[PDB]
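Below is protein32.txt, holding compact mmCIF, C-alpha atoms and all ligand atoms.
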# COMPACT_ATOMS: atom_id res chain seq x y z
CA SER A 96 89.42 39.27 5.73
CA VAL A 97 85.78 38.30 5.07
CA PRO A 98 84.21 37.79 1.63
CA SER A 99 80.96 39.70 1.04
CA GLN A 100 77.76 37.67 1.07
CA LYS A 101 75.48 40.48 -0.15
CA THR A 102 72.97 39.35 -2.77
CA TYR A 103 73.59 41.28 -5.99
CA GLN A 104 71.82 40.50 -9.25
CA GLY A 105 73.89 43.00 -11.23
CA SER A 106 73.34 44.02 -14.83
CA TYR A 107 72.61 40.47 -16.04
CA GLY A 108 69.97 39.65 -13.41
CA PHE A 109 72.01 36.83 -11.90
CA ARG A 110 70.45 34.50 -9.33
CA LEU A 111 70.52 30.85 -8.30
CA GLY A 112 67.83 28.19 -8.59
CA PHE A 113 67.32 24.81 -6.93
CA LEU A 114 65.40 21.65 -7.80
CA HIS A 115 62.45 20.46 -5.74
CA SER A 116 63.74 17.14 -4.44
CA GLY A 117 61.47 16.64 -1.43
CA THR A 118 62.33 15.34 2.03
CA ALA A 119 62.04 11.55 1.75
CA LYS A 120 64.52 9.91 4.10
CA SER A 121 66.33 8.55 1.02
CA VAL A 122 66.96 11.95 -0.62
CA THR A 123 70.63 12.85 -1.16
CA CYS A 124 70.31 16.59 -1.78
CA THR A 125 67.44 18.90 -0.93
CA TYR A 126 66.95 22.65 -0.80
CA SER A 127 64.84 24.57 1.72
CA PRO A 128 63.55 27.91 0.42
CA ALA A 129 62.25 28.83 3.89
CA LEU A 130 65.73 28.44 5.40
CA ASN A 131 67.68 29.31 2.23
CA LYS A 132 69.64 26.17 3.05
CA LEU A 133 70.86 23.19 1.05
CA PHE A 134 71.07 19.82 2.86
CA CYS A 135 73.20 17.15 1.19
CA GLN A 136 75.03 13.89 1.74
CA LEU A 137 78.81 13.69 1.61
CA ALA A 138 80.22 13.83 -1.94
CA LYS A 139 76.82 13.57 -3.61
CA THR A 140 75.70 15.64 -6.60
CA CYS A 141 74.28 19.07 -5.68
CA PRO A 142 72.63 20.66 -8.72
CA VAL A 143 72.66 24.44 -8.56
CA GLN A 144 70.94 26.38 -11.34
CA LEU A 145 72.26 29.67 -12.69
CA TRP A 146 69.63 32.08 -14.00
CA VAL A 147 70.21 35.30 -15.91
CA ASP A 148 67.93 37.88 -17.58
CA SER A 149 70.51 38.48 -20.29
CA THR A 150 73.66 36.78 -21.51
CA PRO A 151 76.92 37.92 -19.86
CA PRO A 152 79.99 38.49 -22.07
CA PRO A 153 82.27 35.72 -23.32
CA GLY A 154 84.85 34.96 -20.61
CA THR A 155 82.41 35.34 -17.71
CA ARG A 156 82.97 32.77 -14.95
CA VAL A 157 81.19 31.47 -11.87
CA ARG A 158 83.01 30.94 -8.57
CA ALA A 159 81.95 29.02 -5.43
CA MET A 160 83.49 29.64 -1.99
CA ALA A 161 82.50 28.53 1.51
CA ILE A 162 82.61 30.72 4.61
CA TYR A 163 81.50 30.14 8.19
CA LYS A 164 78.05 31.64 8.77
CA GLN A 165 78.66 32.73 12.37
CA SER A 166 80.48 36.07 12.63
CA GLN A 167 82.87 34.82 15.33
CA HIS A 168 84.18 32.18 12.93
CA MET A 169 83.98 34.09 9.66
CA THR A 170 87.71 34.86 9.40
CA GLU A 171 88.59 31.15 9.59
CA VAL A 172 89.22 29.44 6.27
CA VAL A 173 86.67 26.68 5.59
CA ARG A 174 88.64 23.51 4.71
CA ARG A 175 88.36 19.74 4.87
CA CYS A 176 89.08 18.11 8.22
CA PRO A 177 92.30 16.30 9.16
CA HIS A 178 90.77 12.98 8.16
CA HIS A 179 89.20 13.89 4.84
CA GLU A 180 92.12 15.94 3.52
CA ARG A 181 94.17 12.70 3.77
CA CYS A 182 91.74 10.11 2.41
CA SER A 183 93.08 10.05 -1.18
CA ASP A 184 89.67 10.59 -2.77
CA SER A 185 91.24 12.89 -5.35
CA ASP A 186 89.31 13.41 -8.58
CA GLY A 187 92.60 14.35 -10.21
CA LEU A 188 91.94 18.09 -10.19
CA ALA A 189 90.64 19.32 -6.84
CA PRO A 190 93.25 19.83 -4.13
CA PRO A 191 92.53 17.35 -1.28
CA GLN A 192 92.01 20.26 1.17
CA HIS A 193 89.10 21.80 -0.76
CA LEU A 194 85.60 21.33 0.60
CA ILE A 195 83.77 22.25 -2.59
CA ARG A 196 84.33 20.46 -5.89
CA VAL A 197 82.72 20.83 -9.30
CA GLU A 198 81.64 17.52 -10.79
CA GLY A 199 82.10 16.62 -14.48
CA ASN A 200 83.74 19.80 -15.77
CA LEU A 201 87.34 19.57 -16.91
CA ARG A 202 87.49 23.36 -17.23
CA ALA A 203 87.05 23.79 -13.48
CA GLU A 204 89.91 25.67 -11.79
CA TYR A 205 90.76 25.50 -8.09
CA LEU A 206 92.26 28.54 -6.37
CA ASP A 207 94.20 28.79 -3.16
CA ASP A 208 94.16 32.54 -2.57
CA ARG A 209 97.75 33.69 -2.03
CA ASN A 210 96.58 36.45 0.33
CA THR A 211 93.50 35.18 2.17
CA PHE A 212 94.35 31.48 1.91
CA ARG A 213 90.70 30.79 1.11
CA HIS A 214 89.71 28.05 -1.35
CA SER A 215 87.38 28.39 -4.31
CA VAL A 216 86.43 26.61 -7.51
CA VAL A 217 85.59 28.54 -10.67
CA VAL A 218 84.17 27.49 -14.06
CA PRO A 219 83.30 29.30 -17.29
CA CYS A 220 79.70 30.56 -17.40
CA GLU A 221 77.90 28.39 -19.97
CA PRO A 222 74.84 29.52 -21.95
CA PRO A 223 71.75 27.35 -21.60
CA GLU A 224 71.56 24.44 -24.08
CA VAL A 225 68.83 24.45 -26.72
CA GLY A 226 65.48 23.88 -25.06
CA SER A 227 66.86 24.98 -21.70
CA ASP A 228 66.27 28.25 -19.85
CA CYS A 229 69.12 27.94 -17.37
CA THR A 230 72.46 26.27 -16.86
CA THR A 231 73.33 23.98 -13.96
CA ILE A 232 76.58 23.41 -12.07
CA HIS A 233 77.00 20.21 -10.13
CA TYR A 234 78.82 20.67 -6.82
CA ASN A 235 80.06 18.12 -4.29
CA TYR A 236 80.77 18.87 -0.64
CA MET A 237 83.62 16.74 0.64
CA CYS A 238 83.29 16.88 4.45
CA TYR A 239 80.37 16.56 6.85
CA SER A 240 79.27 19.64 8.80
CA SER A 241 80.05 17.56 11.90
CA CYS A 242 83.64 16.68 10.96
CA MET A 243 85.92 17.15 13.98
CA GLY A 244 88.89 19.44 13.39
CA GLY A 245 87.11 20.79 10.31
CA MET A 246 83.70 22.43 10.18
CA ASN A 247 83.13 20.90 13.65
CA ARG A 248 79.34 21.38 13.64
CA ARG A 249 79.60 25.05 12.55
CA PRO A 250 77.25 26.06 9.76
CA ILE A 251 78.64 27.38 6.50
CA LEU A 252 77.40 29.45 3.60
CA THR A 253 78.32 28.91 -0.02
CA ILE A 254 78.80 32.17 -1.90
CA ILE A 255 78.37 31.99 -5.69
CA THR A 256 79.84 34.88 -7.64
CA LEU A 257 79.44 35.73 -11.30
CA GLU A 258 82.75 37.28 -12.40
CA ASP A 259 84.19 38.94 -15.45
CA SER A 260 87.41 37.69 -17.05
CA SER A 261 89.52 39.77 -14.60
CA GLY A 262 87.64 38.37 -11.62
CA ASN A 263 85.62 41.53 -11.02
CA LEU A 264 82.15 41.16 -9.50
CA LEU A 265 79.14 40.90 -11.85
CA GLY A 266 76.66 39.17 -9.55
CA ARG A 267 76.43 37.36 -6.22
CA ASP A 268 74.06 34.96 -4.44
CA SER A 269 74.45 32.56 -1.48
CA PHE A 270 72.88 29.77 0.53
CA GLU A 271 73.55 27.98 3.80
CA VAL A 272 74.75 24.35 3.56
CA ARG A 273 74.55 21.39 5.93
CA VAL A 274 76.38 18.25 4.85
CA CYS A 275 74.82 15.38 6.75
CA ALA A 276 73.79 11.74 6.64
CA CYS A 277 70.04 12.32 6.34
CA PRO A 278 69.24 15.57 4.50
CA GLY A 279 65.50 14.88 4.22
CA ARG A 280 65.05 14.35 7.95
CA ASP A 281 67.28 17.28 8.85
CA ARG A 282 65.45 19.61 6.45
CA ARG A 283 62.10 18.56 7.94
CA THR A 284 63.45 19.07 11.47
CA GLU A 285 64.87 22.53 10.82
CA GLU A 286 61.78 23.71 8.93
CA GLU A 287 59.70 22.51 11.89
CA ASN A 288 61.93 24.38 14.33
CA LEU A 289 61.49 27.53 12.22
CA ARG A 290 57.69 27.20 12.17
ZN ZN B 301 85.75 15.60 7.12

Would you mind giving the structure from this file in structure tokens?
Amino acid sequence: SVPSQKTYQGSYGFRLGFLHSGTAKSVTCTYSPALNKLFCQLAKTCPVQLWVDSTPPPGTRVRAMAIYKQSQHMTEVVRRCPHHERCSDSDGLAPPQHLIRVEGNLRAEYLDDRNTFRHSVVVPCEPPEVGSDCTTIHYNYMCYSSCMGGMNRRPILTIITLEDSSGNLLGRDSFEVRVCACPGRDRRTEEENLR
């Protein structure tokens, strides 16, 4: 009833990486290592790096799923709010209910779990291009953390799983996400509160 969020590098040394985008008030996506938390604007590009120590087998995939961070909400499926699920901002592939989309990858698949009813988006695990040491997936988050009737100000985590071709676990990592109007200011504020 609750997906695991335990960090697990596995046999391939799987882990995420994030750019260093800063906290200017204009920034659209920014990652806080101190908070392990990504702050982003609605529907803007969120680059997430995938790092491995060795190449996983052909057919390996990478899945993203959101859960509520607070235990008392963790069994509730994270979905878009009653407004956003109806705003016809379809990209042609993502169901309108799904919070997390993958940008610019026609091989992305969206799953509505027949048992848990949770949403996820999965793509094939690509090898780095020549001259590159990692691969990057571009995610979009399609509701604000504040959306009423949806996340409703509750924080979420995104869980990224490296999977084999059967969907078995190879690796796992995660990060908190806040989708908000001013990620730079909010990151600064929360890092200050932590200090
Ligand atoms: Zn919304």

Quiz prompt | Selected residue, from A:288, A:145, A:206, A:227, that lies nearest to residue 255 in chain A when counting all atoms listed in the file | solution =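 Ranking A:288, A:145, A:206, A:227 by distance to residue 255 in chain A, first place goes to A:145.
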
Self-check item: Surrounding residues as a PyMOL selection string, ligand ZN 301 (chain B), max 6 Å, all atoms listed in the file
Solution: chain A and resi 175-176+178-179+238-239+242

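The list of residues with at least one atom within 9 Å of residue 233 in chain A, based on all atoms listed in the file and without residues fewer than 3 positions apart in the same chain, reads residues 140, 141, 142, 143, 144, 196, 197, 198, 199 and 200 of chain A.
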
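Using all atoms listed in the file, the shortest contact distance between residue 221 in chain A and any of A:135, A:162, A:257, A:194 is found at A:257.
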
I'd like the neighbourhood of range 262-278 of chain A as a short mmCIF file (atom, residue, chain, number, x, y, z; two decimals) with C-alpha atoms, in the coordinates of the input, where a residue qualifies if any of its atoms comes within 9 Å (using only C-alpha atoms), though same-chain residues fewer than 2 positions away should be ignored.
data_model
loop_
_atom_site.label_atom_id
_atom_site.label_comp_id
_atom_site.auth_asym_id
_atom_site.auth_seq_id
_atom_site.Cartn_x
_atom_site.Cartn_y
_atom_site.Cartn_z
CA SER A 99 80.96 39.70 1.04
CA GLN A 100 77.76 37.67 1.07
CA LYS A 101 75.48 40.48 -0.15
CA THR A 102 72.97 39.35 -2.77
CA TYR A 103 73.59 41.28 -5.99
CA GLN A 104 71.82 40.50 -9.25
CA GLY A 105 73.89 43.00 -11.23
CA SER A 106 73.34 44.02 -14.83
CA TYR A 107 72.61 40.47 -16.04
CA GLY A 108 69.97 39.65 -13.41
CA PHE A 109 72.01 36.83 -11.90
CA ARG A 110 70.45 34.50 -9.33
CA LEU A 111 70.52 30.85 -8.30
CA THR A 118 62.33 15.34 2.03
CA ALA A 119 62.04 11.55 1.75
CA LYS A 120 64.52 9.91 4.10
CA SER A 121 66.33 8.55 1.02
CA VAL A 122 66.96 11.95 -0.62
CA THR A 123 70.63 12.85 -1.16
CA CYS A 124 70.31 16.59 -1.78
CA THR A 125 67.44 18.90 -0.93
CA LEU A 130 65.73 28.44 5.40
CA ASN A 131 67.68 29.31 2.23
CA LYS A 132 69.64 26.17 3.05
CA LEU A 133 70.86 23.19 1.05
CA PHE A 134 71.07 19.82 2.86
CA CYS A 135 73.20 17.15 1.19
CA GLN A 136 75.03 13.89 1.74
CA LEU A 137 78.81 13.69 1.61
CA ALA A 138 80.22 13.83 -1.94
CA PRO A 151 76.92 37.92 -19.86
CA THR A 155 82.41 35.34 -17.71
CA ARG A 156 82.97 32.77 -14.95
CA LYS A 164 78.05 31.64 8.77
CA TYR A 236 80.77 18.87 -0.64
CA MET A 237 83.62 16.74 0.64
CA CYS A 238 83.29 16.88 4.45
CA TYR A 239 80.37 16.56 6.85
CA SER A 240 79.27 19.64 8.80
CA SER A 241 80.05 17.56 11.90
CA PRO A 250 77.25 26.06 9.76
CA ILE A 251 78.64 27.38 6.50
CA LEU A 252 77.40 29.45 3.60
CA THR A 253 78.32 28.91 -0.02
CA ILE A 254 78.80 32.17 -1.90
CA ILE A 255 78.37 31.99 -5.69
CA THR A 256 79.84 34.88 -7.64
CA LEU A 257 79.44 35.73 -11.30
CA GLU A 258 82.75 37.28 -12.40
CA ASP A 259 84.19 38.94 -15.45
CA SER A 260 87.41 37.69 -17.05
CA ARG A 280 65.05 14.35 7.95
CA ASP A 281 67.28 17.28 8.85
CA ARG A 282 65.45 19.61 6.45
CA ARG A 283 62.10 18.56 7.94
#

Practice problem: Have a look at A:245, A:211, A:222, A:152 and name the one nearest to residue 193 in chain A; count all atoms listed in the file. | Solution: A:245

Practice problem: Could you tell me which of A:174, A:248, A:158, A:181 comes closest to residue 218 in chain A if we count all atoms listed in the file? | Solution: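 Of A:174, A:248, A:158, A:181, the one nearest residue 218 in chain A is A:158, counting all atoms listed in the file.
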
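Of note, CA of residue 289 in chain A and CA of residue 126 in chain A are spaced 14.9 Å apart.
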
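In terms of minimum interatomic distance to residue 228 in chain A, A:112 ranks closest within A:190, A:112, A:154, A:128, counting all atoms listed in the file.
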
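The nearest approach to residue 205 in chain A among the residues A:97, A:172, A:114, A:189, with only C-alpha atoms taken into account, belongs to A:189.
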